[PDB]
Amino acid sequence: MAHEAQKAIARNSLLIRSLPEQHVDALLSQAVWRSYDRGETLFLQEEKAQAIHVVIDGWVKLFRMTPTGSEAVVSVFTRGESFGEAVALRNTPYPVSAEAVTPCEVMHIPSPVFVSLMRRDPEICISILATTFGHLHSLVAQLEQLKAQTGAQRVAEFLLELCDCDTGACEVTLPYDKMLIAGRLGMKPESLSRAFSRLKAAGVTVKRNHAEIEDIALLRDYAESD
């Protein structure tokens, strides 16, 4: 009933990071909390965009229906990540469907709660926009400086970012279907496997539904190498 740990996780989302601190808790106080089993749908393409979504635990995939009826995976999101901001603010119908890929918990911020806040007080929207512009310039600068690295280094970094702590050993849940991560990391399915094999030597075991980092420092050291 406090959702203290869960709100702490939500504060790392793009949505929550963009808000001025004075308004964070009041917005989180109006959250709609839900759990989903593996395979369960959060929403379907063309439905009304009733909320902004923040994954607290698990993996959620977004997919679009193609003209020939296949499902194209557009994104995969996990712990501490938000999605749906733009569609919610424009009030356009969902352009994708969303489905729990693992069992998961989501914090939903109802669209009217967030939109109405901004219709009421323009100072809030101006203030959030200021923050998002700064964040944009910052990401563009990171892209301009992004150097090449190895696929294994990408996967290490990814895995490191999924742990949150700086020391010890660790478990991280991963989807069964490994193509989801490959898409997210912009890698070939082979390359990801190749990448995994190479990480054995850095202390990483990759089971069917989870990965294990024997030691963070070693992995972190592997990621920060030639």
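Counting begins at 1, following the sequence as shown.
Checked against the record, the higher mean CA B factor of 191-199 and 28-36 lies with 191-199.
In this entry, 166-174 shows the higher mean Cα temperature factor of the pair 166-174 and 40-48. Annotation for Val204, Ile9, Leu14, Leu19: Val204 ranks highest, by Cα B-factor. In this PDB entry, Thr102 carries a Cα temperature factor that places it within the middle third of its chain's modelled residues.
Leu62: CA B factor in the lowest third of modelled residues in this chain (values from the PDB entry).
Placement of the Cα temperature factor of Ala72 within the chain: middle third of the modelled residues, per the deposited record. In the deposited entry, the Cα temperature factor of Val55 sits in the bottom third of values across the chain's modelled residues. Per the deposited record, the Cα B-factor of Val96 falls in the lowest third when ranked against the other modelled residues of its chain.
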